[PDB]
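Quick setup: one chain, the form deposited in one PDB entry, written in structure tokens, and binding and motion questions come after.
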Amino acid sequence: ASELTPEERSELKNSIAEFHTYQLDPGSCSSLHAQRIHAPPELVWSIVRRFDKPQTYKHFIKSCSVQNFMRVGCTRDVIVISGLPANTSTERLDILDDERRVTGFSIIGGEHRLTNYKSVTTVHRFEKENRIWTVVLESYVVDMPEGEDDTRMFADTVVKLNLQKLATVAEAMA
């Protein structure tokens, strides 16, 4: 399910080059994750695109606040409860292309400020012999740790798990 076929990988190469390839600052790193979803890509995109409702697919979110709300440069506050004194994160919508199904955001303030976290998600339609399905790609770039508590392992784990929830939610909707 996170393991793409060679057919899928060839089809995704141009999108990876375009949206998921970062020019790194020294002291940073990037990861790319994939998730196959047995649902139509318009349905998956309808969930993914909702900047105000990350809790639908992401774990560890208490709440998300944005009022009479969606545009590039919009911000959200995500209260997360993966920290037990609940933490707030301020995130900005960097990209939103409904025709090409691309969105992304950056963490611009709050507890994980020093991470310079930036992420992009793309949604992709596959069709083989009357069967239609979806692949989601999600990549991020983050600063590497300077100063004991590196959370990049946790960042990868959570993306993986989040994408797994997205597949579950979307497949149950379909």
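So that there is no doubt, residue numbering starts at 1 and follows the sequence shown.
In what follows, reference is made to the form solved in complex with a small molecule, a form of this protein that is not presented.
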* Asked: Every residue in 45, 49 and 73 with a non-hydrogen atom within 4.5 Å of the small molecule in the entry with it bound?
  -> no
* Listed residue that, although the small molecule is not shown, lies within 4.5 Å of it in the entry with it bound (heavy atoms), from 125, 58, 36, 33 -> 58
* Structure fact -> Per contact check vs the small molecule in the entry with it bound (non-hydrogen atom within 4.5 angstroms), the hit among 36 to 44, 127 to 135, 22 to 30, 101 to 109 is 101 to 109
* Check whether residue 155 has any heavy atom within 4.5 Å of a heavy atom of the small molecule in the entry with it bound, and answer yes or no. => yes
* **Any non-hydrogen atom of residue 166 within 4.5 angstroms of the small molecule in the entry with it bound** => no
* Asked: Is residue 114 close enough to touch the small molecule in the entry with it bound, meaning at least one heavy atom pair within 4.5 Å?
  -> yes
